[PDB]
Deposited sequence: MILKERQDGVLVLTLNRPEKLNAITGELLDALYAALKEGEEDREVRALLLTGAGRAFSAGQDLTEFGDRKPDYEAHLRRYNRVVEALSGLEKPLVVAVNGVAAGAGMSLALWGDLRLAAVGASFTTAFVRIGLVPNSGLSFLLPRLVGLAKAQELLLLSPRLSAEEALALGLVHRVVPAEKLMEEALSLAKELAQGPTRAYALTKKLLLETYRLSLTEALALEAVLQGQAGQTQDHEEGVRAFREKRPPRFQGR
């Protein structure tokens, strides 16, 4: 239901109900939560890559039969990952499927992938963080339209809006996604984690508080081995070798 697989410091997670377009059930949420918590705790894992099996990323909640609490746990786990997350959207992302996709720090879609909010078509509001992420990602103007009218957006339109950072031919998506994940897995994991904490908080903070948090987290980044390594690397005009500590 969630396939796992490690590779050069990258934990690859695959949503696996392909015949139902990876539609989301309680069980899948429970398994997804577990994989994410495992990936967080495993120190050998320095990057995650999330994708779907088959033709789709995920068509969202399975409309074949508490549940809210389950989604929320996954989102707290996705958002709080102290490790870069790459998302490879290999096909349709609808409803909470789109929500999950959008939690990637770096996001790639296949030519032929698509995105639809879908919630409103079922008389529901956006969940799994979409009301949070979407206006931040594409701006309020596009958020309003995408949410209220629920159009189906193509990969190329998703790229233009900032829903994804790169579009790639289907057969190359995993190769590029994994290649990016591997590179991130070599990079300064602590700097990544703390930069993400700043981005997650930025909009609700006053400048004063933003400056204070930057100070505190810069303080911590400053005492990592990776920063020592980083400065040394720059001085001795060579690439750094980061360990994530």
Comparing the deposited sequence with the modelled residues, which stretches have no C-alpha coordinates? 66-74
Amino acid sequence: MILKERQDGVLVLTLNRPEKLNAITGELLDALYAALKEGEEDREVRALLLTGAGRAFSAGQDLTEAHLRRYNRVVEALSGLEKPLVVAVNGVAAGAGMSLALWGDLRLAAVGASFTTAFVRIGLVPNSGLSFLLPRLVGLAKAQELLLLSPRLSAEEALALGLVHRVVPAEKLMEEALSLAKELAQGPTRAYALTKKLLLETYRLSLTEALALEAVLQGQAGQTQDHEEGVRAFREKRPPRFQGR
From here on, numbers count along this sequence of modelled residues.
Identify the stretch, either 7-15 or 231-239, whose C-alpha atoms have the larger mean B-factor according to the entry. 231-239
May I ask you to compare 203-211 and 41-49 by their mean CA B factor in the entry and name the higher one? 41-49
Criterion, highest CA B-factor; candidates, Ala59, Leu194, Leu180, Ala66: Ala66
Grab the CA temperature factor for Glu156 from the record and place it in the lowest, middle or highest third of its chain. middle
Temperature factor at the Cα of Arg166, chain-ranked in thirds, falls in the middle
State the tercile, meaning the lowest, middle or highest third, of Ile24 with respect to the CA B-factors recorded for its chain. middle
Third assignment of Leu124 from its chain's C-alpha B-factors: middle
Looking at the C-alpha B-factor of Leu108, is it in the lowest, middle or highest third of its chain? lowest
